[PDB]
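Undergrad:
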RNA sequence: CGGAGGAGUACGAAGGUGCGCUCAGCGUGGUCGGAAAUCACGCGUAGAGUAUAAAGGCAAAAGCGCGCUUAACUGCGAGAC
RNA sequence: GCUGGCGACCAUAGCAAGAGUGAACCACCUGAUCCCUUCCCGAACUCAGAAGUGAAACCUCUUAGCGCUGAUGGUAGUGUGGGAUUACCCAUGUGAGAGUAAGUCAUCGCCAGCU
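Chains as they are written, first to last, in PDB author numbering: chain V, 8 to 84; chain F, 4 to 177; chain L, 1 to 137; chain U, 2 to 98; chain N, 3 to 116.
(1) According to DSSP, is residue 67/U helix, strand or coil?
(2) Which residues, taken in chain order from the region 83 to 101 of chain L, show a beta carbon closer than 9 Å to some beta carbon of chain V?
(3) Can you tell me whether residue 61/F is buried or exposed, with buried defined as 16 or more other CB within 10 angstroms of its CB?
(4) What does a CB cutoff of less than 7 Å around residue 124/L pick up in its chain, not counting 5 residues either side in sequence?
(5) Between which two residues does the beta strand (DSSP E) holding residue 29/U run?
(6) At 8 Å on the CB atoms, spell out the chain U contacts of residue 20/L, in chain order.
(7) For residue 152/F, which residues from the same chain have a beta carbon less than 6 Å from its beta carbon, with the 5 sequence-adjacent residues on both sides left out?
(8) Quick check on this structure: which residue in 75/N, 20/N, 72/N and 83/N has the alpha carbon closest to the alpha carbon of residue 45/N?
(9) With respect to the beta strand (DSSP E) encompassing residue 167/F, which residues constitute its N-terminal and C-terminal limits?
(10) Is residue 61/U helix, strand or coil when you go by DSSP?
(11) Could I get the ranges of all uninterrupted beta strand (DSSP E) runs contained in the region 40 to 121 of chain F, with 3 residues as the minimum, in chain order?
(12) Residue 136/L touches chain U at which residues, Cβ-Cβ below 7 Å?
(13) Please classify residue 67/V: is it buried, with 16 or more other beta-carbons within 10 angstroms of its beta-carbon, or exposed?
(14) Please go through the same chain and pick out, in chain order, the residues whose beta-carbon is closer than 8 Å to the beta-carbon of residue 51/V, but skip the five residues on each side of it.
(15) Take residue 62/L and list the residues in its own chain whose beta-carbon comes closer than 7 Å to its own, dropping the five residues that flank it on each side.
(16) So which residues of chain U does residue 37/L contact, with C-beta pairs closer than 7 Å?
(17) From the DSSP secondary-structure annotation, give me the bridge partner or partners of residue 46/U.
(18) Can you tell me whether residue 145/F is helix, strand or coil according to DSSP?
(19) Nearest-angstrom Cα distance between residue 69/L and residue 78/L?
(20) Quick one: is residue 18/V buried, meaning 16 or more other Cβ sit within 10 Å of its Cβ, or exposed?
(21) Helix, strand or coil, according to DSSP, for residue 30/F in the structure here?
(22) Would a C-beta distance cut-off of 8 Å place residue 84/N and residue 49/N closer than the cut-off?
(23) Please state whether DSSP places residue 67/V in a helix, a strand or coil.
(24) When the Cα atoms are used, what is the spatial distance from residue 57/L to residue 117/L?
(25) In chain order, what residues of the same chain have a beta carbon less than 7 Å from the beta carbon of residue 19/F, not counting five sequence neighbours either side?
(26) Against chain U, does residue 25/L count as a neighbour if the rule is that its beta carbon must be under 8 Å from one of theirs?
(27) Please state whether the Cβ-Cβ distance between residue 67/N and residue 40/N is less than 8 Å.
(28) What did DSSP end up calling residue 55/U once you bin it into helix, strand or coil?
(29) Using a C-beta cutoff of 8 Å, does residue 58/V count as contacting chain L?
(30) According to DSSP, is residue 50/N part of a helix, a strand, or is it coil?
(31) Considering only the beta carbon of each residue, do residue 128/L and residue 24/L sit closer than 8 Å?
(32) Quick check on residue 98/N: buried or exposed, where buried means 16 or more other Cβ atoms within 10 Å of its Cβ?
(33) So with CB distances below 8 Å, who are the chain L contacts of residue 78/U?
(34) Measure from the alpha carbon of residue 114/F to the alpha carbon of each residue in 163/F, 177/F, 15/F and 105/F, then state which is nearest.
(35) Hey, how far is the Cα of residue 59/U from the Cα of residue 76/U?
(36) Give me the residue from 88/L, 3/L and 55/L with the minimum Cα distance to residue 14/L.
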């Protein structure tokens, strides 16, 4: 006979692009994510596809905050 | 009832139940009269007649009740109304109660039919009235099929004994 | 023949059997237990044969507790078939046995009869066995 | 009174996976004593003595005396770890009584 | 609870003002009194305050539109004294109606732009 | 030619904005309505929902409703994947 | 010392059980004239005053009944070199999860008011 499987989708290259302690410029993308695994803090904007980008020049920092305990990424000038 | 309650009913009820604070006297908060027009989709005008008749009995414009979800056994689904309700508080409810105790009891075929039991246990009383007659409106002419109704009286009574005492003070037949 | 009533997936990966059995090595539902000392695979028919031998020889004078359940399907290609063209079909179910895993417990029978019955049962298993008893600590 | 286990001193160089395996090869069992009014003490015991004590049922309920040099600690057996297959004792936890 | 519902209603506006990082003009209303406070973007400093509990307006009713207008004028004066010119209004979950509109209009007349 | 599922659409509102609201599940009484039809209170808790397969998400809800509307614009575009 | 608002963290901070305050604040409470509100209801939103109370609710004090935090030691795993091949042993570096002893009724800033 034959098999009904044998299909897959092309890769999407998701994940973190700039790690904590690094330097960024305004407009640099920091996180590529399907959902909001990370949220935006100061000087970080969110795109329509949930991408996180930097709106200011500085140093990236990750943190855990809030009652929900969700993770935030921000830029320090 | 109107004033008679405020002037003496809480007074005697306090003297009888022995509650320390003047805020603990049970008070009748609201009464809601509701009914579902089952299988309304079949005809689609019994609901329109029912809203008119229940507006006649109670002087408040009603709100038609929509369902959520759909049941395979029944014909009902979310998007179309299936019942109607109206809630009375303050002057409207107190005059509704006065007209009820005044004329509804004589018209009902069986006196004392209401039962001390069936209380919800939280101080609220549910009653079912059969047929739209036993109320002040036009006669059987110019009015559609006979319809029942449910009346729920929600009060502030903490316990069933307090609620029963409040009904006894009010004058409910049973 | 024990087999799961329902399953999410019909076919599973082969995997690898390693490590020891730190869980399930303690007698907890009876007095005297038979425990494996090496690793391997135990089939449903082997489980049934061992249980039947033990029950017959103890003459249903006590209670047997079975602590192995086959929940891993195994597939084989039918025969006369070349390599490729998808995975094979399920033919039987097995359970992974790690050293230290308890297989059967007996409660309510005397030590001599229980041990002798376990000796009969061991002749049907594909791996070495040993006998243990309840202990305080 | 009933049980006086003779223990040694188990130090930092003797702690760790490699040291523990070496000790068990030399037929010794690492053990820990933890209780109030003092910090935990790591010691080593003899497998034959531990096995002999474990057989008795009163060993679990009675108080035991652990002797390390001049010091004597009155404790009770709190936990025991056994090899899953061979069943040999491997580690012991004692609580000061 | 009514207080919980109002706080839930006000949370979105408070978070948006926090994100925009602008000076905040908060107002609280009770059956007897109305209060206004000006707070910096960081949220740890209070630049100015006004209320009906002050000596000037205590003798009055303190819970009406006239008191709200007086409080608005006073808070605007204190904002001018402190040097704050641009603020973001925060209705704090109350409907922008009645005494709160009166206070906002009084502050706008005083000179705060919002 | 390994193991499992979906796609070749839909929507002038199912878009935008201001405002407002949280699901579902059970325990008690009530009409021809009962396992399951509408309605009151109380308990525990997100298992509801998100046009569609699954994954990652969703309280300032991204879930739900109302009024007004066309940013479902034109010229571009630092910077980055 | 007590109350209200705005902030920093989100259980060592919560749930549950017991107890207390209104002189000031807070809440309930009166009425539906005026502004405004109900897919019907001043029930909620909103306005005018204060008749009464701390009943409900907010706030504050005790605990360990839950929940939560949580060692030491050992065990599993693992990079490099060597040995062996049912997946393990040695040297060196590293080191959980679960469980145990133990701990837990939080804490810190800005503004206004009262005896």
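Even for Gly, the Cβ is constructed at its ideal location relative to N, Cα and C.
TA: On the basis of the supplied data:
(1) strand
(2) 85, 86 and 87
(3) buried
(4) 46, 49, 50 and 53
(5) 29 to 35
(6) 85 and 86
(7) 36, 38 and 132
(8) 20/N
(9) Not the beta strand (DSSP E): residue 167/F falls in the alpha helix (DSSP H), residues 163 to 173.
(10) helix
(11) 66 to 69 and 84 to 91
(12) 58 and 61
(13) buried
(14) 37, 59, 60, 61, 62, 80, 81 and 82
(15) 106, 107, 108 and 109
(16) 86
(17) 30/U
(18) coil
(19) 26 Å
(20) exposed
(21) coil
(22) yes
(23) strand
(24) 6 Å
(25) 168
(26) yes
(27) no
(28) helix
(29) no
(30) strand
(31) no
(32) exposed
(33) 137
(34) 177/F
(35) 14 Å
(36) 88/L
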